[PDB]
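**Q** Attaching a single structure in structure tokens format; questions to follow.
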Amino acid sequence: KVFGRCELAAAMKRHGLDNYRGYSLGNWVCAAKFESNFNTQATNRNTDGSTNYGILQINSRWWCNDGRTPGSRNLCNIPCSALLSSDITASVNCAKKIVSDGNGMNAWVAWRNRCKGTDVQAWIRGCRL
Ligand SMILES: [Cl-]
Ligand SMILES: [Cl-]
Ligand SMILES: [Cl-]
Ligand SMILES: [Cl-]
Ligand code: NA
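Sequential numbering of the sequence shown, starting at 2, is according to the working numbering.
Listed below in structure tokens is the structure:
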């Protein structure tokens, strides 16, 4: 599924991401924009052989099982395919664990490079939320 901007903000708010670990909703929308262009089916292979999955491009090295990442962990206890669903619950629940891991949203390199310090509230402006 390719979400609309305000549609994702609304879904993310419902699943409890708004201000989760101090990160306003716009940070999460921005992160998803640049990770996946709001497409739940986004996948991208990493140089190390791991793969990134879903709207927030969660990686198989640590967080999900895809059966093809030697030596990796599955800390969200899910198949990486669950991160591709039109239903964002698995992605949100795993994002919550990742953002709690010590480095906050810096865990998402694109959030740090493209969202961090910017007017992130712009990503939710005009939305009924
Ligand atoms: Cl947009
Ligand atoms: Cl915001
Ligand atoms: Cl594996
Ligand atoms: Cl933080
Ligand atoms: Na894994």
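All residues carry an ideal CB built from backbone N, CA and C; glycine is no exception.
Would you mind reading off the limits of the beta strand (DSSP E) that contains residue 41?
**A** Element bounds for residue 41: n/a, residue is neither H nor E.
**Q** Just to check my reading of the structure: residue 57 and residue 109 have Cβ atoms closer than 8 Å, yes? What is that Cβ distance to the nearest angstrom?
**A** Confirmed, about 7 Å.
**Q** Leaving out five residues before and five after residue 14 in sequence, what residues of the same chain have Cβ atoms less than 7 Å from its Cβ?
**A** 26, 130
**Q** Using a Cβ-Cβ cut-off of 6 Å (strictly less than) and excluding sequence neighbours within five positions of residue 36, which residues of its own chain qualify?
**A** Shown here for residue 36: same chain residues with a beta carbon closer than 6 Å to its own, the five before and five after excluded, namely 57, 58, 111 in chain order.
**Q** Under 8 Å: does the beta carbon of residue 113 sit that close to some heavy atom of ligand 4?
**A** no
**Q** From the DSSP output, which residues share a beta bridge with residue 56?
**A** According to DSSP, residue 56 bridges with nothing at all.
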